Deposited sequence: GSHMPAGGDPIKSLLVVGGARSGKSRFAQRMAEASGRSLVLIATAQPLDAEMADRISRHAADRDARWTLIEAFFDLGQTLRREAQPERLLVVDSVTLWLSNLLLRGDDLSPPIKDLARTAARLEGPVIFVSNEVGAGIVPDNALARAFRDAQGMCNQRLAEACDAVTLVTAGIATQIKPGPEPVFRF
């Protein structure tokens, strides 16, 4: 397949994006590292970690710093959820802009390859509360910045992956 340094996989909830990333990583022949961002505070979350369940590294908050110091040419890092990392930062009261831009810059310079698995959260109605609105905005921005940084971007819909980067973007004259 096409040789790259960085892939962003975007999909909705229970879209198959994690299975797509996990089977791409398992097919790669690299040393696999799951970068796990989910805080197993309850059994529903441990349940989703168990279902997905490789070297496992927890990175609930320091995702970018973890990528920089775990990435190796011989390793493939899979970020289990960009979304759950952002959630962790938001709930704590952290400003989300700097870590997002820091992560995109990191995505551009790793010592080894990385797949980022991230949710689309922006294609429903406006949330009725400011925390959910901020989260929706920050996740949308984050996916834009990661798509710009990464070599390749795939959208996963109903378990089917479509490549959207590389790809020529449309141009219109008026």
{"query": "Coordinate gaps, deposited numbering", "finding": "1-7, 61-66"}
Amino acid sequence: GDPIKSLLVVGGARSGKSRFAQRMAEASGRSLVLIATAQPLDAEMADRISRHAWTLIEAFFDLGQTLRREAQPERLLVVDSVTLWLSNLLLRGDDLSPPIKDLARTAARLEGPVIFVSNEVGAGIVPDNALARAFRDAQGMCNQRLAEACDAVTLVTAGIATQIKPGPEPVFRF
From here on, numbers count along this sequence of modelled residues.
{"property": "Selected stretch [higher average CA B-factor]: 39-47 or 22-30", "result": "39-47"}
{"property": "Mean C-alpha B-factor comparison - 142-150 and 107-115, higher one", "result": "107-115"}
{"property": "Member of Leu63, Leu131, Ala123, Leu56 with the greatest C-alpha B factor (per the PDB record)", "result": "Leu56"}
{"property": "Chain-relative CA temperature factor third for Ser97", "result": "highest"}
{"property": "CA B-factor placement of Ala71, once the chain's modelled residues are sorted into thirds", "result": "middle"}
{"property": "Chain-wide C-alpha B factor ranking for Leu91, given as lowest, middle or highest third", "result": "highest"}
